[PDB]
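A short write-up of the structure that comes next.
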Amino acid sequence: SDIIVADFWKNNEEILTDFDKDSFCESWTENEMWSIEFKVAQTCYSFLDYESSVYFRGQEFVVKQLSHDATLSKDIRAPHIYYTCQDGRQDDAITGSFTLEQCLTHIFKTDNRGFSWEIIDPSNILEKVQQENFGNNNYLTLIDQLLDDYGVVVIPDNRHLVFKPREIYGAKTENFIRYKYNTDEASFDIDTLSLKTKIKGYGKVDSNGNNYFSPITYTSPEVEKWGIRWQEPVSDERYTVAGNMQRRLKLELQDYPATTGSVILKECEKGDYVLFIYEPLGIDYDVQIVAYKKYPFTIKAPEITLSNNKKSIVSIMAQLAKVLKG
Amino acid sequence: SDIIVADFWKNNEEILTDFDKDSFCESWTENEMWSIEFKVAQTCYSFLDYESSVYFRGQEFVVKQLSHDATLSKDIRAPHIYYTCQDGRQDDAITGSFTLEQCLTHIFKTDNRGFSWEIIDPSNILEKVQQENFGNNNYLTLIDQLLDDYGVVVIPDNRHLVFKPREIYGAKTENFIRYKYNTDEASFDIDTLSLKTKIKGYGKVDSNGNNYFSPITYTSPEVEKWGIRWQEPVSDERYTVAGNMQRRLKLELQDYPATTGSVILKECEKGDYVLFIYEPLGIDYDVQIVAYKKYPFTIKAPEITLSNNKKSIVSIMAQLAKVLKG
Amino acid sequence: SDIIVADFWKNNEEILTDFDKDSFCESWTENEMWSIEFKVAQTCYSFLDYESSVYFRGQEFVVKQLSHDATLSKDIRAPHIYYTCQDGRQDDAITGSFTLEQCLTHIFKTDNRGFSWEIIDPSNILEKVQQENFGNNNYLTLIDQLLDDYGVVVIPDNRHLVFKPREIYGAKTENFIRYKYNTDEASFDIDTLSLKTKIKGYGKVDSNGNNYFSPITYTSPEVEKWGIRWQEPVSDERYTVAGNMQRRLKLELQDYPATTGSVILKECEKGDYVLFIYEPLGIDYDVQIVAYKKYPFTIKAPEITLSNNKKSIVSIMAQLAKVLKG
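Protein chains in written order, with the deposited numbering: chain A, 3 to 45, 51 to 77, 81 to 276, 280 to 339; chain A', 3 to 45, 51 to 77, 81 to 276, 280 to 339; chain A'', 3 to 45, 51 to 77, 81 to 276, 280 to 339. A prime marks a further copy of an entry chain.
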């Protein structure tokens, strides 16, 4: 449980001591942020400043924000080392039918900046995507594109990046929520504003205005419950053949009420599933762990965010704003 | 005055009883929202839940947001049935010189989803608009485009949609405001940040860079009061002939101070006009009813929003934020 | 120190008297706003209303926002006369390799609206920029483009506009801040989220996909301190030759921690430099005066904003939001 701090130049390293244990917070939100924040009061080299590394439970975080007030007090915000990949650019672009492996190779070919990667896909879920000018961006933006293109998640262990198809990210647990109303341990925002039961996927349109392939349709089994309601189609001008489009549609269709909540659950479990039972209507569906907030040096339980909201993290935060406002 | 509630499946229907009469709110804002919200406390089928219909004064509202707290309390927000047209998509697109009637026909040809429409235009104000790829969107977005293209308003009576030219939407009343300053019954934000007196309308430019027609200019009579000040021109690449452009310009020019206020007025009157007399300068101009907020089960007078702000509803809300802040 | 007010029509002019001296505020933020605001209580022509001119220390401000409450009180917000150039449009566009002088001439050729200009560049820093369709916009938007294209600042003296290369805007003062932590007189937000040490500049790409010239690279001397970290490149499709690109890159690279603070300093000094010494790491760099807030009729010292944040004024305000929140 010792925290280690090193200056950017790695000449001063020590155990961090003068920090507020109740301040100390580790926070993660799926594909948005992973950071630690804490407050230190002091009473003589530099160990903790901009660009210092802070080592906590086997992971490295780098000081990017730091306040100075005066004894003296500093409030640190340190994003996980993963986020430093944004310092890298791949200006070169490639076009063609490529695997995730070929794309990741493209990102890091000229300067890997200490990053490595692997793809875990033993069932061969993934397939090629037709890239057009893949590149000309910073490494993080490029990775984020791949996540969307291939239907994968990235799980950083320091600068080693593990990519997995969404299907094998998170396992079914034995946790479940029988939801009748909000409690101390579980509060949810639920709506049907985005409830849809059928969606189309369209590829490229030729110079004559004709489609390369007939659009793909994906229909939820909940079409029986709610009737046909059309989600905005996926339209991807790069696809001249269906490719992974069908799976893309199923990944995107919001065929259950958008449900986002903050819970205390009864280990690391990013992406793990909890069965959500919406009791008033007897409708059962999975919600996933999409965020956490830990105070590891206190007796507080981790605060977990569970969601099935496929739209966006901003849509998820809107729902949580309603949860917090009450 | 009985409210009726039916579940989505129409197997349970009843008179709604356990609701907070002071909570009960009907709100409308021109081309933005129309909803009811209320709170119900309970102490056994499902009647009121997601996708339930709530019938109030001859109109249908559908539960899309619902809170659950615990006795038990639920806060409902139910947009008018009109807004459910967004569940429909017209993926097909059409190009050509079309009437509003032809466009509306296009929207609902494959699946009307229970919607109908009519156009009331006895004076033949409306004309054709040159559409390019009209379609490929949800029904609400398409309708909103038509409102802008043709200079019309839509007035939903449940799923029956009445379209009217802006000229015959709202009549001149005998209400007037002699404005010297803000009172309990009328408070206004007024500015001249967007005050303009002349505007141009441009159509398509050809492959050589030449315009299909010379731009149309519309000059306010207030050019005598304020001098020439140029509004951002209308530019519409679809127009190869003037068409309805001149009228478009007059619909858009903000030739009076942008004036937005919340009033209590001394029936349904959406779009009706109130004469606004800006007393300090002796300048008279019309403001229109663009929103209301009713508490029908209380003795409170409807709160009305009057505006002549042609920019946007966000611009109108900015002004009201100033009214509310004081 | 007499304030003079004239109505828009210039028939009523007088010394302004019934105003709250503590209310009276002059505020400037670099290329964003320059205004006065004040409150007047009254107890009879119109002198002070919408479009009135308010003359303060040799500059003209025009009333655009005005509140009315009731004795009677009015809160005025009056942007500097410079901002009225937005009432002018240059619909015509030009393409070619042009000097700043040729562009400014283009803006004001048809109707100068009382504006004049001059360029002060005795060292001949400025050069031609390849314009494509320069024009078709309001005068302020066009000026703002030129500021970015040519690397210049505009310093309005009423409607006379002085343009200067960034190098000769602001001089080195003898003011310095030895920063260890925040005090009553100086509080700063500092981060390294945008810290970059190398950047590329790209021009036009031809029909075959090849660049007209090899990209230009600019490397900070701080690459020795922080390592190579790539900023988003400048990419300008108009450039078929390097032109002023190298200078553009140096103008844009954020090679020191983004540092924004509110200070009381110990005359007009827009753009003047203060040496910022970040004491904990012994890193010295310039910050510039980018905003002020004055209460000229009080004993309050001007509040100055110092920054070296090259991203945007919104990025600068974000940092100040952190300063204000604490």
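Backbone N, C-alpha and C fix where the C-beta goes; we use that ideal spot for every residue, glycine too.
Classify residue i as buried or exposed, calling it buried when 16 or more other Cβ atoms lie within 10 Å of its own Cβ.
i	result
A'':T202	buried
A:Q332	buried
A'':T269	buried
A':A314	exposed
A'':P231	exposed
A'':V287	buried
A:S3	exposed
residue 79 of chain A''	Here chain A'' breaks off after 77 and picks up again at 81, leaving residue 79 of chain A'' without coordinates.
A:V327	exposed
residue 357 of chain A	In the structure as shown, chain A begins at 3 and stops at 339. Residue 357 of chain A is therefore absent and cannot be evaluated.
A'':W36	buried
A':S59	buried
A'':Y52	exposed
Give the DSSP-derived three-state secondary structure of residue i in the structure shown.
i	result
A'':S60	strand
A'':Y92	helix
A':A77	coil
A:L319	strand
A':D97	helix
A:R87	strand
A:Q241	coil
A:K338	helix
A'':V215	strand
A:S272	strand
A'':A252	coil
A:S230	coil
A:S328	helix
A':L333	helix
A'':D24	coil
A'':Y286	strand
A:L82	strand
A:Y291	strand
A'':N220	coil
A:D102	strand
A':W11	coil
A':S29	strand
Grab the span of the beta strand (DSSP E) containing residue i for me, first residue to last.
i	result
A'':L205	Careful: A'':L205 lies outside any beta strand (DSSP E) and carries neither H nor E.
A:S3	No beta strand (DSSP E) holds A:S3; DSSP gives it neither H nor E.
A'':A314	Note, A'':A314: premise wrong, no beta strand (DSSP E); not H, not E.
A:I17	15-17
A:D297	296-307
A'':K41	35-44
A':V69	66-69
Alpha helix (DSSP H) containing residue i: first to last residue?
i	result
A':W236	233-236
A':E262	255-262
*Any contact of the segment 89-109 of chain A' with the segment 135-155 of chain A', i.e. 3+ C-beta pairs under 8 Å?*
In short, these stretches touch, since the Cβ pair count reaches three.
*beta strand (DSSP E) runs wholly inside the segment 105-149 of chain A, at least 3 long, in chain order*: Along the length of the segment 105-149 of chain A, whole beta strand (DSSP E) runs at least 3 residues long occupy 126-129, 139-148, reported in chain order.
_Give the list of continuous alpha helix (DSSP H) stretches no shorter than 4 residues that lie fully inside the segment 140-200 of chain A._
Correct list: 149-160.
*On the three-pair Cβ rule with 8 Å, is the segment 125-144 of chain A'' touching the segment 167-178 of chain A''?*
With the cut-off at 8 Å, the segment 125-144 of chain A'' and the segment 167-178 of chain A'' touch.
*Touch test, the segment 294-310 of chain A'' against the segment 25-42 of chain A'', Cβ-Cβ under 8 Å, three pairs minimum*: By the Cβ rule, the segment 294-310 of chain A'' counts as touching the segment 25-42 of chain A'', because three or more pairs are nearer than 8 Å.
*Between the segment 260-275 of chain A'' and the segment 17-26 of chain A'', are three or more C-beta pairs nearer than 8 Å?*
At 8 Å Cβ cutoff, the stretches do not touch.
_With three or more beta-carbon pairs closer than 8 Å as the criterion, would you say the segment 285-304 of chain A' touches the segment 317-324 of chain A'?_
Taking 8 Å as the limit for Cβ pairs, the verdict is that the segment 317-324 of chain A' does touch the segment 285-304 of chain A'.
*Are three or more beta carbon pairs between the segment 213-220 of chain A' and the segment 242-262 of chain A' nearer than 8 Å?*
Flag = yes, the segment 213-220 of chain A' and the segment 242-262 of chain A' touch.
*For the segment 106-120 of chain A against the segment 234-243 of chain A'', are there 3 or more C-beta pairs whose distance is under 8 Å?*
No, they do not touch.
*So does the segment 112-129 of chain A'' actually touch the segment 184-203 of chain A'', counting three or more Cβ pairs closer than 8 Å?*
The answer is no - the segment 184-203 of chain A'' does not touch the segment 112-129 of chain A'', with fewer than three Cβ pairs under 8 Å.
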